[PDB]
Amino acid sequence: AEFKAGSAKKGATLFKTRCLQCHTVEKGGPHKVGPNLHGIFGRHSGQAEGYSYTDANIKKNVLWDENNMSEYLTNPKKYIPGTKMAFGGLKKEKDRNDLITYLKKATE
């Protein structure tokens, strides 16, 4: 089904184990392998200031929302072929819902 709000508490733990290596959620957090995710919802892809994206991510020009984030995170490379994000996906719908619930709040 489409995105449905889950547990931000569980989502935070999922973010720590699966995403934190490469991403911060905080404005003015450290630079990492992946782009700062602050403000990502409601922005187009390829727009984080200072970050060096692939042409693939920029050209996709997706306007991020919770539903297309869930599709992306299921399998990033299927959604954006040629992306350099070395992440194979969140296979479980409940994990995507929980993670995205956290991420939407944590990046606001």
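If you superpose the two forms and keep the largest set of C-alpha atoms that fall within 1.5 Å, you have the rigid core. Residue positions are given as counts along the sequence shown, with the first one as 1.
Participant: 26-34 versus 40-48: which one's CA atoms end up farther from this form in 4 other deposited structures of this protein after a core fit?
Facilitator: Between 40-48 and 26-34, greater C-alpha deviation in 4 other deposited structures of this protein belongs to 26-34.
Participant: Which third, lowest, middle or highest, does the C-alpha temperature factor of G34 belong to within its own chain?
Facilitator: Its C-alpha B-factor, which the entry lists for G34, ranks in the lowest third among residues of this chain.
Participant: Using the B-factor values recorded in the entry, state whether the Cα atom of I58 falls in the lowest, middle or highest third among the modelled residues of its chain.
Facilitator: Middle third.
Participant: Lowest, middle or highest third: which one holds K92 when the chain's residues are ordered by CA B-factor from the entry?
Facilitator: Answer is highest: the recorded C-alpha B-factor places it there.
Participant: Sorting the chain's modelled residues by C-alpha B-factor, tell me whether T83 ends up in the lowest, middle or highest third.
Facilitator: Middle third - that is where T83 ends up once the chain's C-alpha B-factors are sorted.
Participant: Looking at the entry's B-factor column for C-alpha atoms only, identify whether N67 ranks in the lowest, middle or highest third of its chain.
Facilitator: Ranked within chain, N67 CA B lands in the highest tercile.
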